[PDB]
């Protein structure tokens, strides 16, 4: 069975004190043995975050990295420096980077191949805009973004896909569980045609976009929804309730 996966994207938020609060809560509150939790703080706090974790269910991820490990790339993060301080994952292709930071499908693909090759897992984000959805192109869009990665990446063992409707980000407007389920099923079937049935059956496809403590349990029986990429709620006590939503 696909292990339930809950990622926490802090985005540009946090401090040493607030993150110490977040990690101590995870360390001391009841969470399942049967869960894979990955908290993704700002790069400034990756080292400190890893240093605080006291549950094996919880590891730390970066929110972005470059497609080279070293060199004259002032301002970038490196998967090697992520590993050096003990983190194990990176988010690649978040809509905020695709939209505001010029990261096209191929850049995301090249970064994904590179990260995986350096032994870092990838939380790969995909998702359609409200105009694209209204146009009926949700599947065409996520297939396109996935196709770019499929071009470069043959082995998805250490990839987790985060499907995030762009209009669902920061607006409080979550996809319905039925809709996310139908979409995840479609995505899984498309990936089966490329990666094969077994790989598609093992790949976690997460839902992201206004996921929170109240609505996480509404997704509990959606078979193709394997977890969440949590945004704002990952900074809050209810992140624990999301983690336990399939308890």
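Residue numbers count along the first chain shown, from 1.
Mean C-alpha B-factor is higher over 134 to 142 than over the other stretch, the pair under comparison being 104 to 112 and 134 to 142.
Look at the mean CA B-factor for 8 to 16 and for 220 to 228 in the entry; the higher one is 220 to 228. You'll see in the entry that, of 155, 84, 96, 164, the Cα B factor peaks at 155. When the Cα B-factors of 160, 72, 92, 173 are read from the PDB record, 173 comes out highest. For residue 79, the recorded CA temperature factor ranks within the lowest third of the chain's modelled residues.
Annotation for residue 63: C-alpha temperature factor in the lowest third relative to the rest of the modelled chain, per the entry. In the deposited entry, the Cα temperature factor of residue 196 places it in the highest third of its chain's modelled residues. The PDB entry assigns residue 242 a C-alpha temperature factor belonging to the lowest third of its chain's modelled residues.
Per the deposited record, the Cα B-factor of residue 169 falls in the highest third when ranked against the other modelled residues of its chain.
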